[PDB]
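A.B. asks: can you look at this? It's an experimental structure, sequence on top.
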Amino acid sequence: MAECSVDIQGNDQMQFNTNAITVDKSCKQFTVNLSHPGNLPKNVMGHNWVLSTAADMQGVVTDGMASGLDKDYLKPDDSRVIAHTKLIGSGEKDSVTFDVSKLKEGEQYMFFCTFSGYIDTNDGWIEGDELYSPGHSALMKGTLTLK
Amino acid sequence: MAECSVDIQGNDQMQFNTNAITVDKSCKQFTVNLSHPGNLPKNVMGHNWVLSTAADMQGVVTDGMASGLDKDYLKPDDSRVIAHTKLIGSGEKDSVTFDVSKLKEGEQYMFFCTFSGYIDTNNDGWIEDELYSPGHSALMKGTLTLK
Amino acid sequence: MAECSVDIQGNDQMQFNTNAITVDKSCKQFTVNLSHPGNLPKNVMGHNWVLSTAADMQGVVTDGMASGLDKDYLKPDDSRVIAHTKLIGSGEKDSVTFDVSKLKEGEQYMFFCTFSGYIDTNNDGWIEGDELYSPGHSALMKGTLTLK
Ligand SMILES: [Cu+2]
Ligand SMILES: [Cu+2]
Ligand SMILES: [Cu+2]
Ligand SMILES: [Tb+3]
Ligand SMILES: [Tb+3]
Ligand SMILES: [Tb+3]
Ligand SMILES: [Tb+3]
Ligand SMILES: [Tb+3]
Ligand SMILES: [Tb+3]
Ligand SMILES: [Tb+3]
């Protein structure tokens, strides 16, 4: 029988443990089970799993960045977000289930984390070029296809 | 004057700062004041203080393990648990007070922490033998007697 | 046009990134935007930004210490506190805005953090003896505020 779920880990090195999901067409719903190995708390190294079209990703990550920590780095009521987990810190889990009818075969989707802390590349402070951060999506992203 | 409280610390090296409590018979109630020195958050290195008979310990730690993080690693409404603090992270405090009438002199009791997080022993960023942990009770346990 | 806001960072080494605020008299309101670079959580290395007269500082820091973590290290309803942010951990932000009419020119004010966690100076895993005495973050996280 068809597999209609995937288990994903996001760690303290800003990595998911997969780069690609292929959802089976005969699944009515698909479920992502997100967990977070590591030691760092949610507010410093938090992860979510969020799904958009490839085209929409840049828009949802930017508006998520602007929305900030108290909105789970997600624009409230963002139509471009097909499905998302909540934001989790180390030691936590969360699952999201969504209808596969929300996907079209042939369309390109991306999954990613929208969390965006500033990184002190230097010092103790955040200054200069560190004020520009793409967030976790730079490294925590991958493809999702319906096949 | 009789002392009817004890102050206990649980730290990031999975240690309590006592191995033995002796409660004074003339105390009507006894209070444990739990604190948590260290840097690690509740979900990664959380501690509680929970009291059962020696006989019941193995049962409460196992069912606590199964209950998981969202139930403070405790079976809800567990009859075997005489008293317990909530689960706390570094920088937090909690106190529990219980009636000393719930204790019999001659009976053997144990105090312990029921938290059971995953440890990334092979430093690879993920959790994959690492699924099997005895939890904090292996190292964070001690005797309680009424004398 | 007057500047009527300041951005302040409090880090894991118990430092603010300014020691002195001068509020412009033509500002109707002044706003502090507090952020917290670092890795340590709120309960271990939390910061706030709180404003009193210089005279009142010692009183608000002491009563804040006593009030503890559950009251954001602040005495509830403390009349000596002119303005304050909430307590924040690493990765959090908070802003407070207050009326500059609450300030007098000539008066000396201090801003500071009232958080007081314990420091394990002897690296033994516990908090004992002289470590039970901490002055709190205000010892290092403090500065002047003047109306000019
Ligand atoms: Cu992330
Ligand atoms: Cu523990
Ligand atoms: Cu502080
Ligand atoms: Tb399955
Ligand atoms: Tb820097
Ligand atoms: Tb007493
Ligand atoms: Tb029941
Ligand atoms: Tb591993
Ligand atoms: Tb401005
Ligand atoms: Tb010590």
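C.D. replies: In hand now; what should we look at? Numbers count the residues shown, from 1 in each chain, chains lettered A, B, ... in the order given. Ligands and ions are numbered 1, 2, ... in the order given.
A.B. asks: so where's the longest helix in chain A?
C.D. replies: Taking residue count as the measure and DSSP state H as the definition, the longest helix of chain A comes out as helix A:54-67.
A.B. asks: show me what counts as buried in it.
C.D. replies: Buried positions in helix A:54-67, judged by neighbour count with 16 or more other CB atoms under 10 Å in any protein chain shown: A:56-57, A:60-65, A:67. (C-beta placed from N, C-alpha, C; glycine too.)
A.B. asks: then stretch A:131-143?
C.D. replies: For stretch A:131-143, burial by neighbour count (16+ other CB under 10 Å) applies to A:135-137, A:140-141.
A.B. asks: contact partners for whichever residue of chain A sits closest to chain C?
C.D. replies: The shortest separation between chain A and chain C is 3.7 Å, found at residue A:43 (distances taken as CB to the nearest CB). The neighbourhood of residue A:43, defined by CB atoms under 8 Å, 6 or more residues apart in numbering or on different chains, consists of A:69, A:89, C:41-42, C:89-92.
A.B. asks: from these, which is closest to ligand 10?
C.D. replies: In terms of CB to the ion, no member of these lies closer to ligand 10 than residue C:41, at 20.0 Å.
A.B. asks: grab the nearest non-local neighbour of the closest residue to ligand 2 within chain A.
C.D. replies: Scanning chain A for proximity to ligand 2 using CB to the ion identifies residue A:91 as nearest, at 12.2 Å. Nearest residue to residue A:91, sequence neighbours excluded (CB to CB, 6 or more residues apart in numbering or on different chains): residue B:43, at 3.3 Å.
A.B. asks: in terms of helices and strands, where is the one you found?
C.D. replies: Following DSSP states H and E, the helix or strand that holds residue B:43 is helix B:42-45.
A.B. asks: please point out which parts of that helix sit buried.
C.D. replies: By 16+ other CB under 10 Å, the buried positions in helix B:42-45 come out as B:42-45.
A.B. asks: and what of stretch A:89-96?
C.D. replies: A:89-92, A:94, A:96.
A.B. asks: quick one, strands of chain A?
C.D. replies: Using DSSP state E, the strands found in chain A span residues A:5-9, A:20-23, A:29-35, A:50-53, A:83-84, A:93-99, A:109-112, A:141-146.
A.B. asks: quickly check: the fourth one near ligand 1 or not.
C.D. replies: No: using CB under 5 Å from the ion, strand A:50-53 stays clear of ligand 1, with a minimum separation of 9.9 Å.
A.B. asks: quick one: residues in contact with that strand.
C.D. replies: With contact meaning CB under 8 Å, 6+ apart, strand A:50-53 is reached by A:59-60, A:64, A:74, A:80-85, A:98, A:107-114, A:144.
A.B. asks: if you set the cut-off to 7 Å instead, what comes out?
C.D. replies: Contacting residues not belonging to strand A:50-53 are listed as A:60, A:74, A:80-84, A:107-112, A:114, A:144 [CB atoms under 7 Å, 6 or more residues apart in numbering or on different chains].
A.B. asks: which of those residues are buried?
C.D. replies: With burial judged by 16+ other CB under 10 Å, the buried subset of the contacts of strand A:50-53 is A:60, A:74, A:81-84, A:109-112, A:114, A:144.
A.B. asks: residue A:73 against residue A:67, yeah?
C.D. replies: Yes: counting by CB atoms under 7 Å, residue A:73 sits close enough to residue A:67 to count as a contact (6.1 Å).
A.B. asks: now do the longest helix of chain A: distance to the chain's middle.
C.D. replies: Its chain's C-alpha centre lies 11 Å from the corresponding centre of helix A:54-67 when counted by CA atoms, centre = their mean, to the nearest Å.
A.B. asks: show me what that helix is packed up against.
C.D. replies: Using 3 or more CB pairs under 7 Å, 6 or more residues apart in numbering or on different chains; DSSP states H and E as the contact criterion, the elements in contact with helix A:54-67 are strand A:109-112.
A.B. asks: ok, and does the strand it packs on reach over to ligand 1?
C.D. replies: No: judged by CB under 5 Å from the ion, strand A:109-112 and ligand 1 are separated, with a smallest distance of 8.5 Å.
A.B. asks: direction included, what does that strand pair up with?
C.D. replies: strand A:50-53 (antiparallel), strand A:141-146 (antiparallel) (DSSP bridges).
A.B. asks: could you check how far residue A:73 is from chain B?
C.D. replies: In this view, residue A:73 and chain B are 19 Å apart by CB to the nearest CB, to the nearest Å.
A.B. asks: correction: residue A:96
C.D. replies: Computed as CB to the nearest CB, the residue A:96 to chain B distance reads 17 Å.
A.B. asks: tell me the bridge partners for that residue.
C.D. replies: Assessed by DSSP bridges, residue A:96 has beta-bridge partners residue A:32.
A.B. asks: my read: it touches residue A:84, true?
C.D. replies: Yes: between residue A:96 and residue A:84 there is a contact at 6.2 Å, judged by CB under 7 Å.
A.B. asks: which positions in chain A make contact with ligand 1?
C.D. replies: Applying CB under 5 Å from the ion, one finds that chain A approaches ligand 1 through A:47, A:113, A:115, A:136.
A.B. asks: out of everything not next to it in sequence, what's closest to the first one?
C.D. replies: In other words, residue A:47. The spatially closest residue to residue A:47, leaving aside those adjacent along the chain, is residue A:10, at 3.6 Å (CB to CB, 6+ apart).
A.B. asks: looking at the sheet around the one you found, what are its partners?
C.D. replies: With DSSP bridges as the criterion, the beta-bridge partners of residue A:10 are residue A:16.
A.B. asks: now do the contacts for it.
C.D. replies: Contact analysis of residue A:10 by CB under 7 Å, 6+ apart lists A:16, A:34, A:36, A:47, A:113, A:140.
A.B. asks: repeat that for 6 Å
C.D. replies: Contacts for residue A:10 (CB atoms under 6 Å, 6 or more residues apart in numbering or on different chains) come out as A:16, A:36, A:47.
A.B. asks: try residue A:111
C.D. replies: The neighbourhood of residue A:111, defined by CB under 6 Å, 6+ apart, consists of A:49, A:51, A:142, A:144.
A.B. asks: go on, residue A:145?
C.D. replies: Contacts for residue A:145 (CB under 6 Å, 6+ apart) come out as residue A:22.
A.B. asks: please apply the same query to residue A:95.
C.D. replies: For residue A:95, the contacting residues are A:31, A:33, by CB under 6 Å, 6+ apart.
A.B. asks: can I get the buried residues of helix A:54-67 in JSON lines with distance to ligand 10?
C.D. replies: Supplementary listing: those in JSON lines, determined by distance: CB to the ion, whole Å:
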{"residue": "A:56", "distance to ligand 10": "52"}
{"residue": "A:57", "distance to ligand 10": "49"}
{"residue": "A:60", "distance to ligand 10": "47"}
{"residue": "A:61", "distance to ligand 10": "44"}
{"residue": "A:62", "distance to ligand 10": "46"}
{"residue": "A:63", "distance to ligand 10": "46"}
{"residue": "A:64", "distance to ligand 10": "42"}
{"residue": "A:65", "distance to ligand 10": "41"}
{"residue": "A:67", "distance to ligand 10": "42"}
